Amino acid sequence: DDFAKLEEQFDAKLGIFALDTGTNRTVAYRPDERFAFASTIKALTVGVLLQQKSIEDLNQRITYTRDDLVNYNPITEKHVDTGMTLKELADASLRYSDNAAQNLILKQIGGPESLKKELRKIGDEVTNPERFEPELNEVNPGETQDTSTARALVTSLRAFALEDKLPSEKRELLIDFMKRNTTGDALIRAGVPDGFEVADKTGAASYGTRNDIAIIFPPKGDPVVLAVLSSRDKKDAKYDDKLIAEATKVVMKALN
């Protein structure tokens, strides 16, 4: 009723899945409803990048051009002449949601097809990487291109960040990046209690799609993996971060 209340208040659809890995308790609300995953895919993309490369390997310098810079490139646009290491690209992608960073990493790992193949390998049958940024944000209701579900994103994120799709040093790298995300302050972070660490990746796409996926680290006890996905009825709809923050609060109350 609380999630439905938020949907009502924000004229939005909520997609929620949370797993407290310390109790195996779950919170679900339209967990299997598809949403354009938007930039949350960047987290899973770095996960695959990390699976593919030694930590040292991430020091490879990637040269790119202005062709690669499409819309939102806060970091990559500044280093277009000097290039960026894969690590620096991962940093930009995760922490600034740098689209060109995501695209260059996605190319590095073998493209959307390779990302999808690696997600199927980990048993994510639902996430459908098809396109680069910002093209992947163009998802209509009912279309499955570049979509996933809260359950699938949580399950996949957990696999890379917490489970065994990455060795510990790489998991730590992925977690450190997401912990130091700069784009998520008003989302999942705005809905956790004090002293809870959040490692998150935000996204926003067409139809007022506004997403945040996270691993949340309580003061005591094991991490909670959470996806809060939202979409609205109208193509050019604006989103309200407050919905994600409020939905996160409901999750945390349920897990308490």
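For every residue, the number given is its place in the sequence shown, counted from 1.
- Per-stretch averaging of Cα B factors for 124-132 and 73-81 places 73-81 on top.
- For the pair 152-160 and 84-92, the mean Cα B-factor is higher in 84-92.
- In the deposited coordinates, the residue among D176, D185, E113, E138 with the greatest CA B-factor is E138.
- Per the PDB record, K53 has a higher Cα B-factor than any other of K53, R30, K42, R189.
- Remark: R66 belongs to the highest third of its chain, ranked by C-alpha B-factor as recorded.
- In the deposited entry, the Cα temperature factor of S231 sits in the middle third of values across the chain's modelled residues.
- In the PDB entry, a CA B factor belonging to the lowest third of its chain's modelled residues is recorded for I244.
- Among all modelled residues in this chain, the alpha-carbon of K220 has a temperature factor (C-alpha) in the highest third.
- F37: CA B factor lies in the lowest third for its chain, per the PDB record.
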